[PDB]
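The file run09.pdb contains PDB, C-alpha atoms:
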ATOM      1  CA  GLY A   1     -79.861 -30.636-279.687  1.00  0.00           C
ATOM      2  CA  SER A   2     -77.672 -28.511-277.464  1.00  0.00           C
ATOM      3  CA  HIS A   3     -78.159 -29.162-273.758  1.00  0.00           C
ATOM      4  CA  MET A   4     -78.434 -25.507-272.810  1.00  0.00           C
ATOM      5  CA  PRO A   5     -80.970 -25.141-269.976  1.00  0.00           C
ATOM      6  CA  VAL A   6     -83.173 -22.056-269.937  1.00  0.00           C
ATOM      7  CA  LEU A   7     -81.678 -19.923-267.176  1.00  0.00           C
ATOM      8  CA  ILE A   8     -83.842 -18.233-264.574  1.00  0.00           C
ATOM      9  CA  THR A   9     -82.730 -14.606-264.342  1.00  0.00           C
ATOM     10  CA  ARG A  10     -84.738 -13.797-261.229  1.00  0.00           C
ATOM     11  CA  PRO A  11     -85.096 -16.121-258.226  1.00  0.00           C
ATOM     12  CA  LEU A  12     -88.185 -15.873-256.028  1.00  0.00           C
ATOM     13  CA  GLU A  13     -88.174 -13.521-253.053  1.00  0.00           C
ATOM     14  CA  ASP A  14     -86.315 -15.204-250.190  1.00  0.00           C
ATOM     15  CA  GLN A  15     -87.055 -12.537-247.586  1.00  0.00           C
ATOM     16  CA  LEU A  16     -89.787 -12.697-244.968  1.00  0.00           C
ATOM     17  CA  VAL A  17     -92.755 -10.360-245.289  1.00  0.00           C
ATOM     18  CA  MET A  18     -95.748  -9.330-243.208  1.00  0.00           C
ATOM     19  CA  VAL A  19     -99.503  -9.575-243.698  1.00  0.00           C
ATOM     20  CA  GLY A  20    -101.241  -6.529-245.132  1.00  0.00           C
ATOM     21  CA  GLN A  21     -98.418  -5.144-247.268  1.00  0.00           C
ATOM     22  CA  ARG A  22     -98.258  -5.179-251.064  1.00  0.00           C
ATOM     23  CA  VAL A  23     -95.481  -7.503-252.203  1.00  0.00           C
ATOM     24  CA  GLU A  24     -94.147  -7.611-255.749  1.00  0.00           C
ATOM     25  CA  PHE A  25     -92.440 -10.808-256.868  1.00  0.00           C
ATOM     26  CA  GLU A  26     -90.147 -10.907-259.878  1.00  0.00           C
ATOM     27  CA  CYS A  27     -89.164 -14.107-261.635  1.00  0.00           C
ATOM     28  CA  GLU A  28     -88.156 -14.123-265.286  1.00  0.00           C
ATOM     29  CA  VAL A  29     -86.182 -16.245-267.721  1.00  0.00           C
ATOM     30  CA  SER A  30     -82.914 -15.391-269.466  1.00  0.00           C
ATOM     31  CA  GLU A  31     -84.538 -15.998-272.848  1.00  0.00           C
ATOM     32  CA  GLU A  32     -87.624 -14.244-274.211  1.00  0.00           C
ATOM     33  CA  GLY A  33     -90.752 -15.992-275.421  1.00  0.00           C
ATOM     34  CA  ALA A  34     -90.485 -18.697-272.787  1.00  0.00           C
ATOM     35  CA  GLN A  35     -93.458 -19.319-270.519  1.00  0.00           C
ATOM     36  CA  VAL A  36     -93.524 -20.924-267.079  1.00  0.00           C
ATOM     37  CA  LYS A  37     -95.793 -22.638-264.570  1.00  0.00           C
ATOM     38  CA  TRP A  38     -96.571 -21.292-261.113  1.00  0.00           C
ATOM     39  CA  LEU A  39     -96.535 -23.757-258.239  1.00  0.00           C
ATOM     40  CA  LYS A  40     -97.837 -22.460-254.937  1.00  0.00           C
ATOM     41  CA  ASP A  41     -97.581 -24.459-251.708  1.00  0.00           C
ATOM     42  CA  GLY A  42     -97.838 -27.753-253.569  1.00  0.00           C
ATOM     43  CA  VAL A  43    -100.866 -26.517-255.487  1.00  0.00           C
ATOM     44  CA  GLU A  44    -100.765 -26.018-259.245  1.00  0.00           C
ATOM     45  CA  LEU A  45    -102.268 -22.603-259.951  1.00  0.00           C
ATOM     46  CA  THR A  46    -104.754 -21.972-262.738  1.00  0.00           C
ATOM     47  CA  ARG A  47    -103.913 -19.992-265.875  1.00  0.00           C
ATOM     48  CA  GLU A  48    -105.597 -16.727-264.863  1.00  0.00           C
ATOM     49  CA  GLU A  49    -105.011 -13.741-262.599  1.00  0.00           C
ATOM     50  CA  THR A  50    -107.332 -11.980-260.176  1.00  0.00           C
ATOM     51  CA  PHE A  51    -107.556  -8.871-257.975  1.00  0.00           C
ATOM     52  CA  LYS A  52    -105.761 -10.801-255.237  1.00  0.00           C
ATOM     53  CA  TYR A  53    -102.637 -11.452-257.285  1.00  0.00           C
ATOM     54  CA  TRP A  54    -101.721 -10.902-260.917  1.00  0.00           C
ATOM     55  CA  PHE A  55     -98.786 -11.667-263.175  1.00  0.00           C
ATOM     56  CA  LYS A  56     -97.651  -9.758-266.245  1.00  0.00           C
ATOM     57  CA  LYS A  57     -95.610 -10.941-269.210  1.00  0.00           C
ATOM     58  CA  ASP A  58     -93.157  -8.849-271.208  1.00  0.00           C
ATOM     59  CA  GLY A  59     -91.032 -10.881-273.591  1.00  0.00           C
ATOM     60  CA  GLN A  60     -88.768 -12.629-271.104  1.00  0.00           C
ATOM     61  CA  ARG A  61     -89.791 -10.936-267.884  1.00  0.00           C
ATOM     62  CA  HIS A  62     -92.623 -12.064-265.628  1.00  0.00           C
ATOM     63  CA  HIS A  63     -93.870 -10.112-262.608  1.00  0.00           C
ATOM     64  CA  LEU A  64     -96.205 -11.500-259.954  1.00  0.00           C
ATOM     65  CA  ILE A  65     -97.748  -8.754-257.840  1.00  0.00           C
ATOM     66  CA  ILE A  66     -99.724  -9.580-254.712  1.00  0.00           C
ATOM     67  CA  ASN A  67    -101.887  -6.695-253.505  1.00  0.00           C
ATOM     68  CA  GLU A  68    -101.979  -7.810-249.866  1.00  0.00           C
ATOM     69  CA  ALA A  69     -99.775 -10.501-248.359  1.00  0.00           C
ATOM     70  CA  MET A  70    -102.066 -12.841-246.434  1.00  0.00           C
ATOM     71  CA  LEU A  71    -101.919 -16.267-244.758  1.00  0.00           C
ATOM     72  CA  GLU A  72    -103.254 -17.626-248.059  1.00  0.00           C
ATOM     73  CA  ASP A  73    -100.152 -16.280-249.788  1.00  0.00           C
ATOM     74  CA  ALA A  74     -97.788 -17.563-247.078  1.00  0.00           C
ATOM     75  CA  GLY A  75     -97.316 -20.743-249.111  1.00  0.00           C
ATOM     76  CA  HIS A  76     -94.107 -21.760-250.887  1.00  0.00           C
ATOM     77  CA  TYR A  77     -93.534 -20.516-254.439  1.00  0.00           C
ATOM     78  CA  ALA A  78     -91.893 -22.474-257.231  1.00  0.00           C
ATOM     79  CA  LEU A  79     -91.489 -21.454-260.860  1.00  0.00           C
ATOM     80  CA  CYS A  80     -91.402 -24.498-263.123  1.00  0.00           C
ATOM     81  CA  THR A  81     -89.473 -24.110-266.365  1.00  0.00           C
ATOM     82  CA  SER A  82     -88.319 -26.785-268.835  1.00  0.00           C
ATOM     83  CA  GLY A  83     -84.741 -25.621-268.328  1.00  0.00           C
ATOM     84  CA  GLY A  84     -84.074 -24.535-264.780  1.00  0.00           C
ATOM     85  CA  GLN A  85     -86.495 -24.180-261.896  1.00  0.00           C
ATOM     86  CA  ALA A  86     -86.588 -21.429-259.298  1.00  0.00           C
ATOM     87  CA  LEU A  87     -87.771 -22.612-255.901  1.00  0.00           C
ATOM     88  CA  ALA A  88     -88.125 -20.334-252.884  1.00  0.00           C
ATOM     89  CA  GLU A  89     -90.158 -20.310-249.707  1.00  0.00           C
ATOM     90  CA  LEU A  90     -91.960 -17.198-248.576  1.00  0.00           C
ATOM     91  CA  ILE A  91     -93.023 -16.652-244.990  1.00  0.00           C
ATOM     92  CA  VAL A  92     -95.822 -14.168-244.437  1.00  0.00           C
ATOM     93  CA  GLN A  93     -96.059 -13.378-240.737  1.00  0.00           C
ATOM     94  CA  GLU A  94     -99.220 -12.033-239.148  1.00  0.00           C
ATOM     95  CA  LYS A  95    -100.045  -8.562-237.895  1.00  0.00           C
TER      96      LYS A  95
END
Could you take the file, read its structure, and then write that structure out as structure tokens?
Amino acid sequence: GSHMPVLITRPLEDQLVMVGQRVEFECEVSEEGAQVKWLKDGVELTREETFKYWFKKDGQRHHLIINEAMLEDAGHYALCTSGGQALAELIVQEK
């Protein structure tokens, strides 16, 4: 069909954060109904949230909220879509 790639409206947070603070990450697609895969530090995450970090869906928008930035979370974050792919590297420095 038409070679129109699904655009990523929100890139992943490029700024450096510190351990202990609550960081909200926003990455959504330009078209609603589309789902994505979360890739963290080379590890493919499982399809489920927890009290450490959770993601919400709303049509097109997807929000990943981490309650406390930790060394665990200091890994790279990539959002895999069939169209485009948003890749960003987060650095969580210690306190």
**Request:** List, as a count of residues only, every residue that the PyMOL selection byres ((chain A and resi 78-93) around 7) selects in the file provided.
**Result:** 27
Apply the PyMOL selection byres ((chain A and resi 46-60) around 6) to the structure shown and report the selected residues as a PDB file with C-alpha atoms, keeping the file's coordinate frame.
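As a result, expr-v7.pdb now contains:
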ATOM      1  CA  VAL A  29     -86.182 -16.245-267.721  1.00  0.00           C
ATOM      2  CA  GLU A  31     -84.538 -15.998-272.848  1.00  0.00           C
ATOM      3  CA  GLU A  32     -87.624 -14.244-274.211  1.00  0.00           C
ATOM      4  CA  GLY A  33     -90.752 -15.992-275.421  1.00  0.00           C
ATOM      5  CA  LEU A  45    -102.268 -22.603-259.951  1.00  0.00           C
ATOM      6  CA  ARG A  61     -89.791 -10.936-267.884  1.00  0.00           C
ATOM      7  CA  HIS A  62     -92.623 -12.064-265.628  1.00  0.00           C
ATOM      8  CA  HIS A  63     -93.870 -10.112-262.608  1.00  0.00           C
ATOM      9  CA  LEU A  64     -96.205 -11.500-259.954  1.00  0.00           C
ATOM     10  CA  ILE A  65     -97.748  -8.754-257.840  1.00  0.00           C
ATOM     11  CA  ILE A  66     -99.724  -9.580-254.712  1.00  0.00           C
ATOM     12  CA  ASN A  67    -101.887  -6.695-253.505  1.00  0.00           C
TER      13      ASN A  67
END
For segment 53-66 of chain A, I'd like the enclosing box, axis-aligned and padded by 8 Å on every side, reported as JSON with centre and edge lengths in Å to one decimal.
{"center_x": -95.7, "center_y": -10.7, "center_z": -264.2, "size_x": 29.9, "size_y": 19.9, "size_z": 34.9}
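Between atom CA of residue 72 of chain A and atom CA of residue 44 of chain A there is a distance of 14.2 Å.
In this structure, atom CA of residue 43 of chain A sits 17.9 Å away from atom CA of residue 25 of chain A.
Counting from atom CA of residue 26 of chain A, the distance to atom CA of residue 42 of chain A is 19.6 Å.
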